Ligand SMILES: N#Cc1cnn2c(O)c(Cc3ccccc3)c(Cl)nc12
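The chain below stands alone and is given as structure tokens, in the form solved without the named molecule.
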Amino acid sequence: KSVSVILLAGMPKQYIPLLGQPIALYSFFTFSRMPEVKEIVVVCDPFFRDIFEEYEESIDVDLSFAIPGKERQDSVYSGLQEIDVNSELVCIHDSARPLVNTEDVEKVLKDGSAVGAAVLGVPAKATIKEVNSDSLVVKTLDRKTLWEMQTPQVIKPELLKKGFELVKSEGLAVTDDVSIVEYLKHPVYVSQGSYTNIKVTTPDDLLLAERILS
């Protein structure tokens, strides 16, 4: 249908098995089962293409591949160059987050469609404080006001392309995909997600993934 997924996956921690399946395939299959998703552009080294290639005939999406870049936004840009010319949303996901819920992907897809840009997030749990160059607390930031960003980050393609034109033209710096949209003064909605949508990096995260998958 209308959404193009850019799956970022470029032994690497995202191919470490979780219940004997590479971590990257969990989110991959989650997107493939959703009626809204037309295609998945996978961003990975050609070494690991086989891992996704095996299931092309089963899954109900058109599959594509793109070459990774030196940095995270370079990979997204490479991914972006492959999508259907009529895709209505780009859904950018980090494969190191295997536990993303179908329900939460649906939510951020809807919010992305309504607002133009949206990202899954959860309230920042820890007491965070603003600190200046002299290591002094500037103020305690309001606890309602702070949110941890996860993925997917969902952005209209025209918006993302226009955003990439600005970044390149003025050598601008980027954290995440929605930071690109922030430069445009176009709104970014934070869709409330789940604390379970963790990023798996350490062995303690890997064990955590299993305990949630139970």
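Here, rigid core means the biggest group of C-alpha atoms that superpose within 1.5 Å across both forms. The numbering used is simple: start at 1 and walk along the sequence shown.
The entry models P22 and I23 with no unmodelled deposited residue separating them. Checked against the record, the higher mean CA B factor of 156-164 and 66-74 lies with 66-74. When the two stretches 81-89 and 107-115 are set side by side, the higher mean Cα temperature factor goes to 81-89. In the deposited entry, the Cα temperature factor of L213 places it in the highest third of its chain's modelled residues. For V190, the recorded CA B-factor ranks within the lowest third of the chain. Only modelled residues enter the ranking. When the CA B factors of the chain's modelled residues are split into thirds, the value for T102 lands in the lowest one. The entry lists a Cα temperature factor for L207 that places it in the highest third of the chain's modelled residues. Sorting the modelled residues of the chain by their CA temperature factor places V37 in the lowest third.
Keep in mind that the form solved in complex with the named molecule is missing from the display, and what follows is about it.
Steric access to the site is blocked in the shown form: after superposition of the site C-alphas, the named molecule as positioned in the entry with it bound has three or more atoms within 2.4 Å of backbone or C-beta atoms. Remark: all three candidate residues (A118, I180 and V188) come within 4.5 Å of the named molecule in the entry with it bound, counting heavy atoms only. Of the heavy atoms in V41, none are within 4.5 Å of the named molecule in the entry with it bound. Although the partner is absent from this view, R72 contacts the named molecule in the entry with it bound, with a non-hydrogen atom inside 4.5 angstroms.
At the 4.5 Å threshold, heavy atoms of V105 stay clear of the named molecule in the entry with it bound, well away from it. Taking the partner from elsewhere, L89 is found to have every heavy atom lying beyond 4.5 Å of the named molecule in the entry with it bound. Taking a 4.5 Å heavy atom cutoff to the named molecule in the entry with it bound, the contacting residues in 147-186 are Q153, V154, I155, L160, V174, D176, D177, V178, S179, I180, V181. The two forms, fitted on the rigid core, differ between the shown form and the other one by less than 2 Å at the CA of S58. In the core-superposed comparison between the shown form and the other one, the C-alpha atom of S32 has shifted by less than 2 angstroms. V42 shows a C-alpha shift below 2 Å between the shown form and the other one [criterion: core-superposed Cα displacement of 2 Å]. In contrast to the form presented, in the entry with it bound the C-alpha positions of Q81 and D176 spread farther apart by 3 Å or more. The Cα-Cα distance between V61 and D176 is lengthened by 3 Å or more in the entry with it bound relative to the form shown here.
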